[PDB]
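Asks: Residue numbers (the working numbering), protein chains in the order written: chain X, 850 to 1086; chain R, 850 to 1086.
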Ligand SMILES: NC(=O)c1ccc(NCc2ccccc2N2CCOCC2)nc1
Ligand SMILES: NC(=O)c1ccc(NCc2ccccc2N2CCOCC2)nc1
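Here it is, written out as structure tokens:
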């Protein structure tokens, strides 16, 4: 319906099986709400040894991706996407991913995700081939594959059919009623819907407050939420 | 040598092939610097339909992981790890992952990673079975598998043998010398090692400053770095 097409440039396309063949993302794929198409720069080399890396100008420890096979793979993917596909490079230098960014990215019907390996890609390719850099967080990984997959899984949740607000989740409980002495909170057994809604909300406000206070600053809380937050805080002191 | 053992509890162990069979992490695995062992809660069920989910107390939209098969899988993994294994739950409510956290986590020789599906796990299991909650970032995914894999890849980089400071990376360049009109910066061709070191460092300082200014506040810059930052800023105005 409002499905999504995602192109992937990667030296390890088979990695993407982790999201295409399992769980919710796997189902989204099989029901054609999500399409993940991979192009491997190795297929675009011409030398006998299928070389995909190259030496950094200026010396240095590592390698970069070799420009020609990487550039060609990107062009082929763009031609498959038609007009309107946004090309994203996953990197530490990129805009930090958060839920607002995920909802932004989900608006696009077509994405091309370029996954860096070695010490990354030539600076000039970013300028000519890439629309936006994104980071999933302030940490270094061996490849852009996992951040690509992470991005894909996150936006996939916003596609209609795939499934069935500033705050951390409340605690959840299932069977049994007593577990290693710990009991389930009586309000959740009471059956009183509205009392349950308020407890969960208070919990979220309390949990957000104690674990991630800065998240509360971005929010314009409701009167109810202000009340429920004030209460939780009173009970804490 | 200083190898690492990682236990994984997951309804989709085959997802972990993305890191165990490819690239640098794949090599670390094959050379026995890294070991990733999976236990699937589905194997610990006893009913005919191998049920791994259960109904939330208090009503609500989704399901949680069923406590018994999840709890049993965790216990089996702990017994495989012996003493000293830290059990981590990947979740949005967790401590935010960043490089400092990765270097912290890398200190452990044994990790058990519990991957939530559905609306997650019973609150009481966190209290009894989990040592630390971690988040890879402020975004929601369909499973803890990708955040687990992300964690694994990140700490793996700190194991000796696996491979060959507050700032974003400098630009990188490889062949050709001219690409769509864009040339490689002459300093990188000059062969002057020390001039090259300073340019790369200035770039990092400039890039960090323009993209992620707050990262600069955490740092106690060197005199050189203060000088190189001041310069970059002068040239910007
Ligand atoms: N946080 C993220 O979004 C993220 C993304 C990728 C990534 N690695 C891929 C990568 C991409 C771009 C540049 C360098 C690199 N790396 C190459 C391998 O060496 C480290 C540098 N790491 C983290
Ligand atoms: N940022 C992270 O580290 C991260 C980790 C996991 C994750 N999802 C697994 C999960 C784990 C715990 C609780 C709920 C859930 N989810 C179940 C699926 O529905 C959403 C809630 N998402 C993001």
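Positions of the beta carbon are idealized from the N, C-alpha and C atoms, including for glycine.
(1) Where residue 1014 (chain X) and residue 926 (chain X) are concerned, what is the direct C-alpha to C-alpha distance, given to the nearest angstrom?
(2) Once DSSP output is grouped into helix, strand and coil, what is the label at residue 912 (chain R)?
(3) Find the residues of chain X that neighbour residue 861 (chain R), judging by a C-beta separation of less than 7 angstroms, and give them in chain order.
(4) Would you mind reading off the limits of the alpha helix (DSSP H) that contains residue 1056 (chain X)?
(5) At the level of alpha carbons, what is the spacing between residue 877 (chain R) and residue 1054 (chain X)?
(6) Can you grab the Cα-Cα spacing for the pair residue 929 (chain X) / residue 860 (chain R), in whole Å?
(7) Let me know the secondary structure DSSP gives residue 937 (chain R) once reduced to three states.
(8) Beta-carbon separation of residue 1018 (chain R) and residue 976 (chain X) under 8 angstroms?
(9) Could you give the distance in angstroms between the alpha-carbon of residue 857 (chain X) and the alpha-carbon of residue 903 (chain X)?
(10) Using CA atoms only, rank isn't needed, just tell me which of X:1070, X:1069, X:1078 and X:852 is closest to residue 959 (chain X).
(11) Using the beta-carbon of each residue, which ones in chain X are nearer than 7 angstroms to residue 998 (chain R)?
(12) In its own chain, which residues sit with a C-beta less than 8 angstroms from the C-beta of residue 1012 (chain R), not counting the 5 before and 5 after it?
(13) Leaving out the 5 sequence neighbours to the left and right, which residues in its chain are closer than 6 angstroms to residue 921 (chain R) when beta-carbon positions are compared?
(14) Taking just the CA atoms, how far does residue 947 (chain R) sit from residue 961 (chain R)?
(15) Give me, in chain order, the residues of the same chain whose beta-carbon lies closer than 6 angstroms to that of residue 1068 (chain X); leave out the 5 immediate sequence neighbours on both sides.
(16) Taking CB distances under 8 angstroms as the criterion, tell me whether residue 891 (chain X) reaches chain R.
(17) Pull up the distance between the alpha-carbon of residue 1031 (chain X) and that of residue 973 (chain R), whole angstroms please.
(18) Ligand 1 and residue 968 (chain X): does the residue's C-beta get closer than 7 angstroms to at least one heavy atom of that ligand?
(19) Helix or strand or just coil, what does DSSP make of residue 950 (chain R)?
(20) Please tell me whether residue 1026 (chain X) and residue 1036 (chain X) are closer than 8 angstroms, where the distance is taken between their beta carbons.
(21) If the criterion is Cβ atoms closer than 8 angstroms, does the pair residue 842 (chain X) and residue 983 (chain X) meet it?
(22) Please list, in chain order, all residues of the same chain as residue 1065 (chain X) whose beta carbon is under 7 angstroms from its beta carbon, the five residues on each side excluded.
(23) Using DSSP with H/G/I as helix, E/B as strand and the rest coil, what is residue 944 (chain R)?
(24) Starting from the C-beta of residue 987 (chain R), find all residues in its chain whose C-beta is less than 8 angstroms away, skip the five residues before and the five after it, and write them out in chain order.
(25) Could you tell me if the beta carbon of residue 989 (chain R) falls within a distance shorter than 7 angstroms of some heavy atom in ligand 2?
(26) What's the C-alpha gap between residue 955 (chain R) and residue 1008 (chain R)?
(27) To the nearest angstrom, report how far apart residue 1086 (chain X) and residue 1079 (chain X) are at their CA atoms.
(28) Looking at chain X, which residues of the region 955-987 of chain R have a Cβ within less than 8 angstroms of any of its Cβ atoms?
(29) State buried or exposed for residue 1075 (chain R), treating a residue as buried only when at least 16 other CB atoms are found within 10 Å of its CB.
(30) In chain order, which beta strand (DSSP E) runs of at least 3 residues are fully inside the region 875-913 of chain R?
(31) Output yes if chain X places a C-beta closer than 8 angstroms to the C-beta of residue 1029 (chain R); else output no.
(32) Quick check: what's the CA-CA separation for residue 979 (chain X) versus residue 995 (chain X)?
(33) Counting only Cβ-Cβ distances shorter than 9 angstroms, please list the residues of the region 882-912 of chain R near chain X, keeping chain order.
Replies: Let me lay it out:
(1) 35 angstroms
(2) coil
(3) 871 and 872
(4) 1042-1060
(5) 42 angstroms
(6) 34 angstroms
(7) strand
(8) no
(9) 21 angstroms
(10) X:852
(11) 995
(12) 873 and 1006
(13) 893
(14) 19 angstroms
(15) 1015
(16) no
(17) 7 angstroms
(18) yes
(19) helix
(20) no
(21) Any property of residue 842 (chain X) remains undetermined from this structure, which presents chain X solely from 850 to 1086.
(22) 1057 and 1058
(23) strand
(24) 941 and 945
(25) yes
(26) 8 angstroms
(27) 11 angstroms
(28) 966, 968, 969, 970, 971, 972, 973, 974, 976, 977, 985, 986 and 987
(29) exposed
(30) 883-888
(31) yes
(32) 19 angstroms
(33) 902, 903, 904, 905, 906, 907, 908, 909, 910, 911 and 912
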